[PDB]
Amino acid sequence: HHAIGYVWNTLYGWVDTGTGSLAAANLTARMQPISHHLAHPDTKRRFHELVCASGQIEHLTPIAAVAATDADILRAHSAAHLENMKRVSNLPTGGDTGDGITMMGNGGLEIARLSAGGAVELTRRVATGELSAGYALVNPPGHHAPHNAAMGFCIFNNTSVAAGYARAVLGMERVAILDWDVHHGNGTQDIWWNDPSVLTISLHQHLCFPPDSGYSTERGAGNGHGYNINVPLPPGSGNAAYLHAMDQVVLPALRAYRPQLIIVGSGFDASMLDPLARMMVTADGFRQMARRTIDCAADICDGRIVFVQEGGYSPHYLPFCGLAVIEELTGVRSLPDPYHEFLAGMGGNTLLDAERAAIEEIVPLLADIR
């Protein structure tokens, strides 16, 4: 069976990231206002528009997002957090979600629900066999939000809401979340820390964000011990490092675990041109990562694979990274990466000793995935 779901909702493009760069604009600090916050929604909107203008949309089955219910959110998060998000969204303007950085407008909860709900909807339709696989191009992102908070531009942990749904509603015994956003998926790690029924894997730049998080020694606890896998990589890591990590750690971990569904936290902030990390992945790197993961799903869980958008901050280049992943799902490879030659000469295509050793640190942990 072949039918590829695609979720975009207009409101994903309407997320109000404010007038600051990262934190808010700040006169006393002389942080001048700017039109486009680093996380501004235009970056992901440009990905969507390229999906359409490239003609990939003709090969996709558009899937409507359905708002995550309170019950949906509560499988990933605390009632206190949900209540707090209702509270801040109910406030006449809106407010600070808690961390002095992640902000939500009046009614911004509507978009957070549609983002988590997009992941849930696609998960449902893939799990049932209506669809063979899909891509949920959601916004706001999810992977930093732990059980009890919003964090790092993330209100709810979209992939964990989807996993929680696959577990509780669809009765899946084993789900895997593979997160290749360049930042550590600390939220996802936190949510499933004590839980072996969701294998949580994060490839990331070591200590990029959050600080003091994502070490290889963070392995879960209790019955969940061994079912969280962090793959911290050095700044400057490129396609060779990322593919070595896939071949040596990620794919073996998935094969050992035998998930019934694979959810990919699909960020493109590891790209060669991203401002918010120092990695060197190209569109062709993301293509190969996607191909490998989709083929793994075909081998072990009847092709059941759901990509969910996480971060990525190059409005110029992210659309082509994203499109490459979409093309691997559809099998219609109809547009070149126009940056390919320009970026290919910059490097990242040789596995450096330091990169190899960082990856090899994780291989002995594979034996504890029962």
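Position 1 is the first residue in the sequence shown; the rest follow in order. The term rigid core refers to the most C-alpha atoms you can superpose between the two forms while keeping them within 1.5 Å.
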Which of the two stretches, 111-119 versus 79-87, has its Cα atoms farther on average from this form in 7 other deposited structures of this protein when everything is superposed by the rigid core? 79-87
Rigid core superposition, C-alpha RMS per stretch in 7 other deposited structures of this protein: which comes out larger, 227-235 or 92-100? 92-100
Look up the CA B-factors in the entry and say which stretch, 92-100 or 74-82, has the higher mean. 92-100
Tell me which of 231-239 and 289-297 has the higher mean C-alpha B-factor in the deposited entry. 289-297
Taking the values straight from the PDB record, which of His184, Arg113, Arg125, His244 has the highest C-alpha temperature factor? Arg125
Ranked C-alpha temperature factor of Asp179 among modelled chain residues, by third: lowest
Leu261: CA B-factor among chain residues, third -> middle
Using the B-factors in the PDB entry, rank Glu327's C-alpha atom against the chain and give the third, lowest, middle or highest. middle
Using the B-factors in the PDB entry, rank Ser21's C-alpha atom against the chain and give the third, lowest, middle or highest. middle
Taking the C-alpha B-factors as the PDB entry records them, is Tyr313 in the lowest, middle or highest third of its chain? lowest
